Amino acid sequence: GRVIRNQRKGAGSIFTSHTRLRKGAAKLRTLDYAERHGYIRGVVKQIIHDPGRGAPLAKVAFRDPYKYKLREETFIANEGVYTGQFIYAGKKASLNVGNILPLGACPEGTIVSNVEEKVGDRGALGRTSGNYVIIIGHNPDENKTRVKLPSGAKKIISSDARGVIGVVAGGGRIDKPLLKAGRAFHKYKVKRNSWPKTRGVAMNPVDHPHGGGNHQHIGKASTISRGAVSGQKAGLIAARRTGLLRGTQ
Amino acid sequence: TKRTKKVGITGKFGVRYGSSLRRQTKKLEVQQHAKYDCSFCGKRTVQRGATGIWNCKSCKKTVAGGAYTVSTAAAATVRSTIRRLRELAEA
RNA sequence: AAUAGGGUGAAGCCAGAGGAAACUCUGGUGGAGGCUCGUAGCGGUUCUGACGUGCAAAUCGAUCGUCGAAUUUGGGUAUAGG
RNA sequence: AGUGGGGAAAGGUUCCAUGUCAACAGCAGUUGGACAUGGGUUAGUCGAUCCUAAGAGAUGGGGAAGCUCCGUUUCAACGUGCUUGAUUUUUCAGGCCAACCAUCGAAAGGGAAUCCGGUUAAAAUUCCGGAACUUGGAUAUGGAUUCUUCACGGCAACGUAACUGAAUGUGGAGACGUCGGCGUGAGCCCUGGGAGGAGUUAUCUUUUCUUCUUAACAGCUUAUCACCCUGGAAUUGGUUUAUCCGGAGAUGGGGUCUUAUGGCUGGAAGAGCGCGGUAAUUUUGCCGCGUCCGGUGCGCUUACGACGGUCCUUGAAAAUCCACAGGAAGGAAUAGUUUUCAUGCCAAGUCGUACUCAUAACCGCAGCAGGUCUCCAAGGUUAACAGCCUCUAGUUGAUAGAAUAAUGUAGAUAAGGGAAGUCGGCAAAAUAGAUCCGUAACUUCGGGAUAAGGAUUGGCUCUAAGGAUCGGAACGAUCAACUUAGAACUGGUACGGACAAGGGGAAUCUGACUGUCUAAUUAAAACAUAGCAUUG
RNA sequence: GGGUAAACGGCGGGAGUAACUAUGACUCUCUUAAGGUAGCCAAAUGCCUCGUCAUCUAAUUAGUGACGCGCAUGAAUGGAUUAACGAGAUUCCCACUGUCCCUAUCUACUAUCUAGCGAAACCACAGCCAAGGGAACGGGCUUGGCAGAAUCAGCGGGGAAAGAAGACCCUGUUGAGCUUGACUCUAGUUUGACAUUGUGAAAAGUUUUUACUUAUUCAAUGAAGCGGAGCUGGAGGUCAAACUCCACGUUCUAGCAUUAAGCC
RNA sequence: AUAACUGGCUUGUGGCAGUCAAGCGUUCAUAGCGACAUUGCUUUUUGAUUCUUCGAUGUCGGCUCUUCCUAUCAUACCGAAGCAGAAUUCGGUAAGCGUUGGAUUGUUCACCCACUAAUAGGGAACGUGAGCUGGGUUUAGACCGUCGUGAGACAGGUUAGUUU
RNA sequence: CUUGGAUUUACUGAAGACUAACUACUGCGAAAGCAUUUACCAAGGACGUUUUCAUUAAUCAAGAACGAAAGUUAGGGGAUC
Ligand SMILES: CC[C@H]1CN2CCc3cc(OC)c(OC)cc3[C@@H]2C[C@@H]1C[C@H]1NCCc2cc(O)c(OC)cc21
Ligand SMILES: [Mg+2]
Ligand SMILES: [Mg+2]
Ligand SMILES: [Mg+2]
Ligand SMILES: [Mg+2]
Ligand SMILES: [Mg+2]
Ligand SMILES: [Mg+2]
Ligand SMILES: [Mg+2]
Ligand SMILES: [Mg+2]
Ligand SMILES: [Mg+2]
Ligand SMILES: [Mg+2]
Ligand SMILES: [Mg+2]
Ligand SMILES: [Mg+2]
Ligand SMILES: [Mg+2]
Ligand SMILES: [Mg+2]
Ligand SMILES: [Mg+2]
Ligand SMILES: [Mg+2]
Ligand SMILES: [Mg+2]
Ligand SMILES: [Mg+2]
Ligand SMILES: [Mg+2]
Ligand SMILES: [Mg+2]
Ligand SMILES: [Mg+2]
Ligand SMILES: [Mg+2]
Ligand SMILES: [Mg+2]
Ligand SMILES: [Mg+2]
Ligand SMILES: [Mg+2]
Ligand SMILES: [Mg+2]
Ligand SMILES: [Mg+2]
Ligand SMILES: [Mg+2]
Ligand SMILES: [Mg+2]
Ligand SMILES: [Mg+2]
Ligand SMILES: [Mg+2]
Ligand SMILES: [Mg+2]
Ligand SMILES: [Mg+2]
Ligand SMILES: [Mg+2]
Ligand SMILES: [Mg+2]
Ligand SMILES: [Mg+2]
Ligand SMILES: [Mg+2]
Ligand SMILES: [Mg+2]
Ligand SMILES: [Mg+2]
Ligand SMILES: [Mg+2]
Ligand SMILES: [Mg+2]
Ligand SMILES: [Mg+2]
Ligand SMILES: [Mg+2]
Ligand SMILES: [Mg+2]
Ligand SMILES: [Mg+2]
Ligand SMILES: [Mg+2]
Ligand SMILES: [Mg+2]
Ligand SMILES: [Mg+2]
Ligand SMILES: [Mg+2]
Ligand SMILES: [Mg+2]
Ligand SMILES: [Mg+2]
Ligand SMILES: [Mg+2]
Ligand SMILES: [Mg+2]
Ligand SMILES: [Mg+2]
Ligand SMILES: [Mg+2]
Ligand SMILES: [Mg+2]
Ligand SMILES: [Mg+2]
Ligand SMILES: [Mg+2]
Ligand SMILES: [Mg+2]
Ligand SMILES: [Mg+2]
Ligand SMILES: [Mg+2]
Ligand SMILES: [Mg+2]
Ligand SMILES: [Mg+2]
Ligand SMILES: [Mg+2]
Ligand SMILES: [Mg+2]
Ligand SMILES: [Mg+2]
Ligand SMILES: [Mg+2]
Ligand SMILES: [Mg+2]
Ligand SMILES: [Mg+2]
Ligand SMILES: [Mg+2]
Ligand SMILES: [Mg+2]
Ligand SMILES: [Mg+2]
Ligand SMILES: [Mg+2]
Ligand SMILES: [Mg+2]
Ligand SMILES: [Mg+2]
Ligand SMILES: [Mg+2]
Ligand SMILES: [Mg+2]
Ligand SMILES: [Mg+2]
Ligand SMILES: [Mg+2]
Ligand SMILES: [Mg+2]
Ligand SMILES: [Mg+2]
Ligand SMILES: [Mg+2]
Ligand SMILES: [Mg+2]
Ligand SMILES: [Mg+2]
Ligand SMILES: [Mg+2]
Ligand SMILES: [Mg+2]
Ligand SMILES: [Mg+2]
Ligand SMILES: [Mg+2]
Ligand SMILES: [Mg+2]
Ligand SMILES: [Mg+2]
Ligand SMILES: [Mg+2]
Ligand SMILES: [Mg+2]
Ligand SMILES: [Mg+2]
Ligand SMILES: [Mg+2]
Ligand SMILES: [Mg+2]
Ligand SMILES: [Mg+2]
Ligand SMILES: [Zn+2]
């Protein structure tokens with residue numbers, strides 16, 4: 001047969017992300033002395049649309065502690081953040097929406113966003129519109145914090161890891177139907193080349209494992225082993241169960 | 001006169017896409033095209049730019065909000081939760 | 001970079017009429033839409049027309065689809081034979 | 001929306017003149033994009049050149065037997081650094097910085113600066129004449145400024161001929177989608193008077209056609225928006241075609257700004273244009289007169305403006321230029337400073353530039369009915385940039401002559417019947433514009449719908465309605481656009497008179513829809529799609 | 001061993017009956033599970049088949065509506081509907097007509113004839129029939145009919161006319177595309193051991209756990225503030241003497257912070 | 001060297017025709033029929049075979065047009081009857097002359113409606129595609145049902161498919 | 001379901017519900033209904049009044065608000081039944 005569309009994506013020729021119009025990488029500040037020991041104050045200059053992103057971004061200006069200079073940061077805007085708002089980041093920062101605090105400095109039940117998986121990676125968790133991380137609890141003896149991720153998973157992170165207080169702005173986006181192929185066209189026109197999708201069952205056996213037949217049908221179980229190889233993993237990979245989800249999980 | 005009985009702003013879609021999808025669109029699109037009261041200057045001059053961006057024509061304040069409303073219920077709940085935990089922490 | 005001229009007439013807005021209220025009716029205004037008739041354009045339905053040692057190794061004629069967007073297109077650039 | 005006038009790609013001398021006909025131009029040939037000989041492309045201002053885009057790709061490194069692969073600042077000791085006071089001691093003294101930063105990548109993106117008239121056989125935003133401009137350099141004079149050292153005025157928005165400002169920093173310009181109506185301008189279209197020229201003239205026609213123009217650049221002036229001062233608003237007012245604004249200060253009164261755009265003047269009438277009278281084998285002319293003053297708009301095209309709509313879509317970068325913050329350093333009195341004020345001096349290299357851009361200069365073996373990106377765009381009819389006729393411009397090219405059998409190809413018509421033809425109404429016919437009337441089932445309430453189904457439409461002569469600017473007025477004066485409605489008359493009952501231009505209805509199967517593919521036998525019920533669900 | 005069908009898929013054979021006739025509402029047993037539910041249908045899916053009934057017509061293997069033990073319908077291998085849309089397939093009606101009865105006439109361009117110009121396909125030799133025999137359908141052979149130069153416009157009976165070493169079929173120890181529980185392997189991946197690989201403790205009988213950091217691995221930064229201690233306060237109730245803990249310059253505001261003042 | 005047309009041999013089968021005469025026919029074998037048997041013809045059926053053609057003879061049907069056969073449906077003239085007439089049936093010479101318009105189906109075949117003197121049957125490479133048409137079949141697209149783990153199969157249905 | 005340690009036992013935690021006992025011929029509300037604490041928000045009946053207005057009222061076709069449980073649509077939760 002032929003190399004399938006799953007496998008053609010890794011080469012990344014026509015499958016790279018369309019990034020001309022993007023407004024920069026959304027990151028927290030580099031963890032420095034001011035954030036480790038006290039707090040630093042910045043001012044929100046802009047709240048802008050980032051193409052390919054549902055969440056707006058905030059452009060926040062900070063002073064450089066060591067040279068006469070201004071540092072502009074690209075944060076993910078939490079909902080309620082406004083232009084001209086003062087943002088405080090550090091260990092001694094107060095519990096206000098938009099402030100960047102270590103996870104250990106936030107009491108249980110604190111809603112936080114753009115949370116660091118590891119100390120100083122500048123944000124990994126809860127970055128999409130309407131999403132957040134709930135702080136479940138602390139283990140001060142081991143310097144660890146238990147959090148709940150948007151997927152429902154519980155994670156243990158260093159208490160020195162940082163997050164931004166509040167919920168990511170732009171939520172409820174999925175509530176509206178797209179209603180049109182053109183709307184999805186414009187949605188992925190500034191994301192990447194993954195739309196539209198031809199069904200593999202509608203191809204020929206060269207093109208896909210589902211192709212061929214005198215009727216369109218998969219023919220074998222569409223649940224595929226985790227240990228299958230590239231060119232085989234088309235369908236439901238390592239599926240623990242299938243069918244309509246009935247009852248609680 | 002009243003021009004449409006029920007489609008309203010969704011009368012631009014004609015007969016396409018299904019009635020359930022069109023009334024579901026109508027609910028959120030009246031909200032995304034409405035004018036909201038500015039919490040800064042007090043005028044009802046706040047309109048959406050892109051999703052999550054709500055600008056006031058008068059005082060030129062931009063606030064991060066929801067996709068189709070200035071404030072979501074989840075954000076209001078988080079605002080009160082944070083206010084409460086701040087009060088307890090600072091006594 | 002390109003896309004005559006019409007039709008329909010969505011929100012919003014103004015006025016009048018009715019109602020106890022919750023609210024309703026009428027006339028304008030407005031100018032929405034992967035809306036519509038229809039040029040350029042893009043396409044290529046039918047005649048199973050012409051031609052079929054052709055004007056042409058795919059064209060010609062009428063008829064036809066679509067025609068403001070998932071539109072059409074120049075140039076630059078990327079992807080290379082299991 | 002050209003058979004007109006230019007260009008991009010591509011060609012490469014096909015351009016122009018002279019000669020010329022063996023071959024080629026599927027007839028001919030005295031002609032030619034053919035053949036032969038010569039000639040021809042002039043730039044500081046137009047491009048390239050420079051910037052960065054998607055991307056391409058060295059270096060340090062790391063792979064790989066290796067050809068080479070990765071990577072683009074990456075685990076790198078990465079400046080052929082600058083700025084000054086100099087020194088003439090051709091030595092120096094230092095002061096700052098070195099996040100990023102090899103390089104290539106656009107004749108449609110970004111970007112310093114030129115126009116008019118004339119001139120050739122063939123070149124011209126390139127030559128000639130005149131008139132400007134930019135950048136770089138040099139540099140003096142005038143002005144400006146200083147004894148209160150680095151200017152004044154205005155309440156203010158801010159103004160000006162100038163009117164210190166290092167390191168470093170902050171900003172702005174470069175720099176940005178699309179659509180809708182409105183407004184303004186320009187060019188074009190239309191039109192009145194006058195001064196010329198041509199045409200018609202049996203008759204009519206103060207007539208029909210035509211000339212009456214003004215570049216870049218300089219000065220003054222000119223604007224929506226925005227802003228400032230005054231003032232303090234419900235009896236809420238102002239206000240757009242479009243309902244937005246005002247105690248976060250409206251209406252009213254007075255101002256400030258951008259100069260987009262127009263006006264006046266200089267450029268500039270000396271040019272060009274239109275006439276009349278003359279010179280001459282004659283290179284080329286010489287003389288005189290005129291070239292003036294208006295009006296109009298749902299007009300067309302285009303530019304700009306203030307607005308409004310739209311997106312789970314929010315619509316490049318960099319070179320480069322400026323301003324501001326900061327306060328280093330240096331500055332006067334018998335004199336000091338500055339080339340962001342005026343004037344003056346010098347220079348601007350390299351390569352491209354002819355011509356075609358297509359029913360004969362390109363690609364399809366060719367002078368091939370195919371293909372190949374884009375700019376400008378007159379009158380009439382009309383909704384119309386459609387169709388039809390015409391002006392400017394350009395062509396009149398395509399082997400021809402004589403006849404007019406059959407069978408064709410393209411096109412017409414047909415008594416009575418009206419799908420009996422045929423697999424099948426295939427093909428053709430019928431309908432068709434506009435105004436008014438009337439419009440069913442079903443429906444996701446949006447539609448269906450131009451459903452279905454009817455009436456009218458010419459020409460002429462009238463009538464009515466619909467506005468602007470002035471004057472202190474429910475009125476007068478002047479001026480003005482085509483829309484709509486009604487009536488009479490009229491004719492071989494014709495009249496969307498050519499052109500242009502839906503046939504309709506009742507149902508079943510199927511795909512929801514718009515969209516997409518088998519270039520060159522299949523456009524579909526196939527693919528996609530929104531929606532739904534599952535998996536990691 | 002368990003779970004999972006909006007995973008691939010599957011959803012059947014058997015055994016009796018109502019005061020005319022007809023029908024059968026009326027129970028268990030097997031296949032590796034369940035045994036086709038709601039719906040829909042001679043449907044683009046029904047063999048029999050032009051199914052049967054009704055309607056449409058003068059007449060209908062067509063159409064529509066019904067029926068349903070359905071060869072072999074059926075639920076995201078989606079079922080049933082469905083307004084709108086469709087150069088999709090189909091039936092009927094009105095209008096319309098040369099589609100037809102059944103043809104006729106007209107126009108231009110051909111064809112035609114001339115001057116000039118001037119190919120190609122094809123060609124064993126060639127070119128009148130009838131019968132015979134024959135590789136079983138002759139232009140030629142045999143036997144007959146016959147048979148007279150040179151030709152023009154048409155034409156499509158024949159030349160088993162031309163175009164192509166049949167594309168169907170079979171054979172070949174000839175392939176190729178595709179597939180799978182074929183034969184034989186394989187990139188990848190997973191699992192163990194050895195090496196990289198060192199320093200301790202404890203416990204199990206060599207194995208398990210956790211301590212160290214320098215090997216190795218991951219990440220960031222223009223390698224900016226690390227580790228320990230000490231200055232200053234706030235505290236514990238101080239029972240010797242100040243030990244332990246905490247902090248140690250920035251939070252109404254869209255301003256500013258750069259090239260050290262000061263002291264010795 | 002070998003199948004899927006035509007053609008050739010064969011004629012089981014299909015079709016058509018005789019001979020005998022048990023019975024039928026009020027009686028009566030033979031007007032008209034005719035069992036049990038038996039002899040043939042035909043090549044308008046389908047088989048059997050594999051001779052020709054696989055360096056290709058264009059494979060359904062219809063439309064169009066000509067011709068031929070006769071085993072005569074009609075028309076001419078006649079013989080026979082269980083022929084009174086009328087109608088009908090059996091038969092002879094006879095192919096001179098005609099043998100239709102439509103609904104459904106791609107159909108050949110079929111089946112109805114209707115007219116008619118009658119609506120006979122066949123052949124000509126199952127006449128006839130450089131005559132047409134292209135509805136069917138039988139390339140490649142697509143759908144369904146059953147079958148297959150699958151790629152795929154179906155001589156099942158369905159829709160679209162260059163005729164030099 | 002269980003020698004793979006079930007059931008049981010102590011400690012700890014997480015989820016959703018629900019508010020026992022007190023709880024009654026007791027309370028509140030137009031009805032449906034309402035039961036852990038506290039705060040906030042706006043209501044309400046009765047009572048008291050030598051306050052105020054003076055017929056403003058009663059019941060009501062039309063027309064409205066609320067309306068147990070179950071059920072429907074879409075998110076979230078899904079302990080127990
Ligand atoms: C002289 C020109 C006429 C002469 N006449 C005579 C009468 C007649 C009658 C017809 O039917 C009554 C007819 O049927 C069509 C054609 C004619 C011819 C047609 C021809 C022009 C026509 N030639 C062929 C195609 C064509 C294409 C064009 O672009 C085009 O534009 C100029 C024109 C054409
Ligand atoms: Mg999808
Ligand atoms: Mg898909
Ligand atoms: Mg396919
Ligand atoms: Mg495969
Ligand atoms: Mg598989
Ligand atoms: Mg398959
Ligand atoms: Mg298929
Ligand atoms: Mg399918
Ligand atoms: Mg299967
Ligand atoms: Mg449950
Ligand atoms: Mg459209
Ligand atoms: Mg359309
Ligand atoms: Mg065509
Ligand atoms: Mg054809
Ligand atoms: Mg021909
Ligand atoms: Mg392109
Ligand atoms: Mg035109
Ligand atoms: Mg041109
Ligand atoms: Mg020439
Ligand atoms: Mg010639
Ligand atoms: Mg010659
Ligand atoms: Mg030459
Ligand atoms: Mg230039
Ligand atoms: Mg790049
Ligand atoms: Mg490289
Ligand atoms: Mg190297
Ligand atoms: Mg470059
Ligand atoms: Mg350029
Ligand atoms: Mg740009
Ligand atoms: Mg010039
Ligand atoms: Mg020239
Ligand atoms: Mg000059
Ligand atoms: Mg506009
Ligand atoms: Mg104008
Ligand atoms: Mg200029
Ligand atoms: Mg002048
Ligand atoms: Mg906009
Ligand atoms: Mg030129
Ligand atoms: Mg050409
Ligand atoms: Mg001609
Ligand atoms: Mg007729
Ligand atoms: Mg007639
Ligand atoms: Mg009729
Ligand atoms: Mg018919
Ligand atoms: Mg018929
Ligand atoms: Mg017929
Ligand atoms: Mg038929
Ligand atoms: Mg037609
Ligand atoms: Mg009508
Ligand atoms: Mg479709
Ligand atoms: Mg094709
Ligand atoms: Mg192909
Ligand atoms: Mg086609
Ligand atoms: Mg069943
Ligand atoms: Mg059933
Ligand atoms: Mg059935
Ligand atoms: Mg049924
Ligand atoms: Mg059927
Ligand atoms: Mg039938
Ligand atoms: Mg019919
Ligand atoms: Mg039926
Ligand atoms: Mg089934
Ligand atoms: Mg199925
Ligand atoms: Mg379509
Ligand atoms: Mg031969
Ligand atoms: Mg013969
Ligand atoms: Mg023979
Ligand atoms: Mg021969
Ligand atoms: Mg002989
Ligand atoms: Mg012929
Ligand atoms: Mg022939
Ligand atoms: Mg062969
Ligand atoms: Mg062998
Ligand atoms: Mg292959
Ligand atoms: Mg026989
Ligand atoms: Mg027989
Ligand atoms: Mg044979
Ligand atoms: Mg053969
Ligand atoms: Mg042949
Ligand atoms: Mg032949
Ligand atoms: Mg006979
Ligand atoms: Mg007879
Ligand atoms: Mg035949
Ligand atoms: Mg033939
Ligand atoms: Mg043929
Ligand atoms: Mg045929
Ligand atoms: Mg096919
Ligand atoms: Mg087709
Ligand atoms: Mg078909
Ligand atoms: Mg076909
Ligand atoms: Mg309780
Ligand atoms: Mg109580
Ligand atoms: Mg009550
Ligand atoms: Mg009452
Ligand atoms: Mg009531
Ligand atoms: Mg739910
Ligand atoms: Zn505001």
Side-chain angles (χ1 to χ4, degrees), chain A residues 1-3 11 13-14 20-21 30-33 37-41 43-45 48-49 51 54 61 63 65-70 83-86 88 93-94 96 118 120-122 129 170 173-187 189-190 196-199 201-202 204-206 212-224 226-230 235-245 247-249, chain B residues 1-22 24 29-30 33 41-43 49-51 53 58-59 67:
Chain A
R2 195 207 297 277
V3 174
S13 60
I14 53 157
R20 173 189 45 129
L21 300 181
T30 300
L31 189 59
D32 66 323
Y33 182 86
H37 296 267
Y39 67 87
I40 185 171
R41 191 191 84 180
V43 56
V44 179
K45 322 282 291 203
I48 52 164
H49 172 74
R63 280 203 305 138
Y66 311 103
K67 78 151 302 193
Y68 184 68
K69 189 81 191 183
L70 270 188
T83 45
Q85 169 177 343
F86 287 139
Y88 305 83
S94 79
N96 281 95
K118 296 182 290 294
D121 64 358
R122 310 174 74 172
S129 57
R173 178 171 35 84
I174 301 299
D175 292 351
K176 203 171 76 150
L178 285 160
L179 283 187
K180 282 152 81 204
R183 289 290 166 85
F185 165 88
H186 284 298
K187 164 175 209 65
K189 184 68 180 294
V190 297
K197 298 165 155 50
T198 312
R199 287 168 299 108
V201 66
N204 294 309
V206 295
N214 282 350
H215 315 265
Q216 289 196 5
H217 74 290
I218 300 186
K220 301 239 195 193
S222 71
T223 49
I224 305 298
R226 168 74 76 211
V229 303
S230 302
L236 317 178
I237 298 143
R240 284 168 270 252
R241 57 162 312 286
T242 46
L244 197 61
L245 279 157
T248 178
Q249 277 68 64
Chain B
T1 62
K2 192 175 193 43
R3 293 183 220 107
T4 66
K5 170 176 180 174
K6 71 181 58 178
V7 298
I9 191 170
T10 45
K12 62 170 154 204
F13 294 131
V15 300
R16 312 176 282 276
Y17 318 121
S19 71
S20 178
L21 292 191
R22 279 186 287 107
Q24 189 187 333
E29 185 177 1
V30 168
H33 292 125
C41 70
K43 312 199 189 72
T51 59
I53 304 174
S58 296
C59 65

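Basis for what follows: all heavy atoms, side chains included, without hydrogens, waters or symmetry-related copies. So that the names make sense, note that chain A is the first sequence line, chain B the second, and so on, each numbered from 1.
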If you measure from the P atom in E:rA80 to the same atom in E:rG65, how many Å do you get, rounded? 15 Å
Would you classify E:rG118 as syn or anti? Syn applies when the glycosidic angle is within 90° of 0. anti
Integer angstrom distance from the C1' of D:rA102 to that of D:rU59: 7 Å
For a quick check of understanding: with a heavy-atom distance under 4.0 Å over all strands, which category does A:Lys189 fall into, base, sugar-phosphate or nothing? nothing
Please report the C-alpha distance between A:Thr30 and A:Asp32 in whole Å, then the side-chain angles of each, then the deciding distance to 0.1 Å, and finally whether the side-chain hydrogen bond (donor to acceptor under 3.5 Å, both in side chains) criterion is met. CA-CA 6 Å; A:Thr30 300; A:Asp32 66 323; over 6 Å; no
For A:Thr198, answer base if it contacts any base atom (sugar-phosphate contacts may also be present), sugar-phosphate if it contacts only those atoms, and nothing otherwise; contact means non-hydrogen atoms under 4.0 Å. sugar-phosphate
Look at the side-chain N and O atoms of A:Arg199 and state whether any lies under 4.0 Å from the OP1 or OP2 oxygen of D:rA528. yes
Answer with base, sugar-phosphate or nothing: what part of the nucleic acid does A:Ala239 contact at a heavy-atom distance below 4.0 Å? sugar-phosphate
Kindly check if G:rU23 and G:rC22, neighbours in the strand, have base rings whose centres sit closer than 5.5 angstrom and whose planes are less than 30 degrees apart? yes
How would you label the contact of A:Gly219 with the nucleic acid (heavy atoms, under 4.0 Å): base, sugar-phosphate, or nothing? sugar-phosphate
If you assign A:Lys220 and A:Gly213 each to the RNA chain F nucleotide with the nearest heavy atom, which residue ends up on the more 5' nucleotide? A:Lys220
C1' atoms of D:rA77 and D:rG60, separation to the nearest Å: 12 Å
Applying a 4.0 Å non-hydrogen cut-off, can you work out what A:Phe185 is touching in the nucleic acid: base, sugar-phosphate, or nothing? sugar-phosphate
Touch class at under 4.0 angstrom, heavy-atom based, for A:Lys69 against every strand present: sugar-phosphate
When rounded to the nearest Å, what value does the distance between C1' atoms of D:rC292 and D:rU211 take? 13 Å
Look at atom NZ of A:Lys189 and say whether more than 12 heavy atoms of other residues, nucleotides or ligands are closer to it than 6.0 Å. no
Separation between the P atoms of D:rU73 and D:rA318, rounded to whole Å: 15 Å
Using heavy-atom distances to pick each residue's nearest nucleotide on RNA chain G, tell me which of A:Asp175 and A:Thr248 is more 5'. A:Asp175
Please classify the nucleic acid contact of A:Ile48 as base, sugar-phosphate, or nothing, using heavy-atom distances under 4.0 Å. nothing
Assign a letter to each nucleotide of nucleotides 314-319 of chain D from its 5' end: B, base within under 4.0 Å of a protein heavy atom; S, sugar-phosphate only; -, no contact. BSS---
In whole angstroms, the gap separating P of E:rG255 from CD of A:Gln85 amounts to 13 Å
For B:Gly18, which contact category applies under a 4.0 Å heavy-atom criterion: base, sugar-phosphate, or nothing? base
Students often get this wrong, so: under 4.0 angstrom with heavy atoms, is A:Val43 touching a base, only sugar-phosphate, or nothing? sugar-phosphate
A:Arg173-B:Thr51 side chain donor-acceptor pair, cut-off 3.5 Å: no
Quick check: on RNA chain G, is the nucleotide nearest B:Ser20 upstream (toward 5') of the one nearest A:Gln249, or the reverse? Name the residue that is more 5'. B:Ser20
Give A:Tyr66 one of three labels, base, sugar-phosphate or nothing, depending on what nucleic acid heavy atoms sit under 4.0 Å from its own. base
So what does A:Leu244 hit on the nucleic acid, given a heavy-atom distance under 4.0 Å: a base, only sugar-phosphate, or nothing? base
What's A:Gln216 touching, base or sugar-phosphate or nothing? Going by heavy atoms closer than 4.0 Å. sugar-phosphate
Taken to the nearest 0.5 Å, the spacing of A:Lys180 NZ from B:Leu21 CG works out to 13.5 Å
Polar atom pairs (N or O), protein with nucleotides 177-179 of chain E, under 3.5 Å:
{"unit_1": "E:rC178", "atom_1": "OP1", "unit_2": "A:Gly1", "atom_2": "N", "d": "3.0"}
{"unit_1": "E:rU179", "atom_1": "OP1", "unit_2": "A:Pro205", "atom_2": "O", "d": "3.3"}

Just label D:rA98 as syn or anti from its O4'-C1'-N9-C4 or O4'-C1'-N1-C2 angle, using within 90° of 0 for syn. syn
Work out how far the P atom of E:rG88 is from that of C:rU45, and round it to whole angstrom. 12 Å
Work out how far the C1' atom of F:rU30 is from that of F:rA80, and round it to whole angstrom. 14 Å
Both A:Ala202 and A:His215 contact RNA chain F. Taking the nearest nucleotide for each, which residue is further toward the 5' end? A:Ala202
What's A:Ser94 touching, base or sugar-phosphate or nothing? Going by heavy atoms closer than 4.0 Å. base
Measuring only the P atom in each nucleotide, how far is D:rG57 from D:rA348? A whole number of Å is fine. 42 Å
Have a look at A:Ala93 and say if it touches a base, only the backbone sugar-phosphate, or nothing, with a 4.0 Å heavy-atom cut-off. base
Evaluate the stacking of F:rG129 against F:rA130, requiring that the six-membered ring centres lie under 5.5 Å apart and that the ring planes differ by under 30 degrees. no
Heavy-atom contacts, protein to nucleotides 22-30 of chain C, under 4.0 Å, summarised as B (base), S (sugar-phosphate only) or - (none) per nt, yield ---SBBBBB
